[PDB]
2 protein chains.
Amino acid sequence: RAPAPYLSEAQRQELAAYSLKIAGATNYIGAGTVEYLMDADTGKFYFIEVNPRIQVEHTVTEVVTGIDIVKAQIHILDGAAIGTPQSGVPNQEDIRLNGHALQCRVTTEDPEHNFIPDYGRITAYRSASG
Amino acid sequence: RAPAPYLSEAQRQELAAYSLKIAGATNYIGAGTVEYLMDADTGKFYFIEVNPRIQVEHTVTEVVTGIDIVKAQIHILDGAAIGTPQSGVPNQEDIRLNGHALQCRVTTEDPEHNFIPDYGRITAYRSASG
Ligand SMILES: [Mg+2]
Ligand SMILES: [Mg+2]
Ligand SMILES: [Mg+2]
Ligand SMILES: [Mg+2]
């Protein structure tokens, strides 16, 4: 889910500051994810690790921010500066949340058969959009 | 296309003010479109007609405003007030443009046969998203 719906605006800015600290400290190039565990009892955050790559769940962030993370990666490696139009990335002050998103992966894991993936011929596939 | 890319902000707001006048004067209920001709040589606008219904091109407007027109039609006819969360519609001050969109209708009209629509069984259909 993006953003995390149980966070206050304060917790949201707290986490963002920690992540910029980590990214700067490692002179990070490209897209990466800084992972925390939050103690639901206390509200405390604890850094766990950095995933130094794009992730399967990037899509929820693209939809609520409007920023294509893959084109951003390509422009960054072409030498573009974040905040210039040719980077595809706004300056921080122009990055905003717009709404909420969730994402799910649909698989052939059969819930009625202990999540063993099913296999074989798909006889019909019609997606739903809108 | 939404918004109209050849317009300035000032033009955009002039047009909005005319449209709100028409809507209010007709006590309009639901979704409607106020259509204008704009003279490309002078920048002058001219009211042509109101289309008193949703239109095929509503989709570009939805994507750049974030507002579901069809849900809004439904809440409005349920009696909701625009501006309340129940209406699915923000107050005017909270309605804003976010980026740019265009819509293309894919049809069986054959450019190789004077746009006569083709017909028959579709043997393969795979859309593209992202
Ligand atoms: Mg991890
Ligand atoms: Mg890991
Ligand atoms: Mg017309
Ligand atoms: Mg007409």
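So, how was this worked out
Residues numbered from 1 in each chain as written, not as in the entry; some residues may be left out. Chains lettered and ligands numbered in written order. Part of a larger assembly, values for the part shown. Heavy atoms only, no water. Residues with missing side-chain atoms left out of burial classes, pairs and counts. Pairing = 2+ DSSP bridges. Helix = DSSP H or I, 4+ residues; strand = E, 2+ residues; numbered from the N terminus. Buried < 20%, exposed > 50% of the residue type's maximum accessible area, 1.4 Å probe, protein only. Contact = heavy atoms within 4.5 Å. Arc of directions from axis to C-beta. Donors = N, O, S within 2.8 Å, 3.2 Å for Na, K, Ca; no water. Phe/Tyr/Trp six-rings, centres within 6.5 Å; stacked < 30°, edge-to-face > 60°. Salt bridge = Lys/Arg side-chain N within 4 Å of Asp/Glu carboxyl O.

In its metadata, the entry names X-ray crystallography as the structure determination method and reports 2.000 Å as the resolution.

(A) Quick look at the pairing of strand β1 (residues 33–38) of chain A. All names here are of chain A. With six bridges connecting them, β1 and strand β2 (residues 45–51) associate as antiparallel partners. Residue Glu35 lies in a different strand from β2, and its bridge partner there is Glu49. In sequence, β1 turns back onto β2 through a hairpin of six residues, with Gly43 there showing a positive phi of about 80 degrees.

(B) Local environment of the environment of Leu97 of chain B. All names here are of chain B. Relative to the assigned elements, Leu97 resides in the loop between α3 (69–77) and β3 (109–110). Residue classification places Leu97 among the partly exposed residues on the basis of a relative accessible area of 41%. Between the C-alpha atoms of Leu97 and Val64, which are 33 residues apart in sequence, the distance is 5.4 Å. Here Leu97 is in contact with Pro3, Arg12 and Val64, once residues within four sequence places are set aside.

(C) Region of the structure containing helix α3 (residues 69–77) of chain A. All names here are of chain A. Those residues of α3 lying buried are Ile69, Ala72 and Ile76. Seen from one end, α3 has its buried residues packed into an arc of 50 degrees, which puts them on one side. Exposed residues on α3 whose side chains face more than 90 degrees from its buried face are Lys71, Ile74 and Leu77. Buried positions along α3 lie against α2 (58–65). Of the residues trailing α3, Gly79 is marked for its positive phi of about 100 degrees.

(D) Main features of α2 of chain A. When we look at burial in α2 of chain A, the residues that qualify are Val60, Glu62 and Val64 of chain A. The secondary structure elements touched by the buried residues of α2 of chain A are α3 of chain A.

(E) Spatial organisation of the coordination of the magnesium ion (ligand 2). Residues and elements named next belong to chain A. Only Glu49 (OE) and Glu49 (OE) from the protein coordinate the magnesium ion (ligand 2), and they sit 2.4 to 2.7 Å from it. Between the magnesium ion (ligand 2) and the magnesium ion (ligand 1), a separation of 3.9 Å is found, and both are coordinated by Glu49. Checked against the element boundaries, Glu49 lands in strand β2.

(F) Geometry of the packing of aromatic side chains. Tallying each qualifying case throughout the model produces four aromatic pairs over all chains. Aromatic pair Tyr36 of chain B and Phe47 of chain B: ring centres 6.3 Å apart, planes at 75 degrees, arrangement edge-to-face. Linking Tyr36 of chain B in strand β1 (residues 33–38) with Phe47 of chain B in strand β2 (residues 45–51), this pair joins segments that are eleven residues apart in sequence. Among the aromatic residues, those joined into a ring-pair cluster are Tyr18, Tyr36 and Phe47 of chain A.

(G) A look at the pattern of salt bridges. Residues and elements named next belong to chain B. Tallied over the full model, the rule gives one salt bridge over all chains. Between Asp94 and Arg96 there is a salt bridge whose closest N-O contact spans 4.0 Å. According to the relative accessible area criterion, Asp94 is partly exposed, its value standing at 41%.

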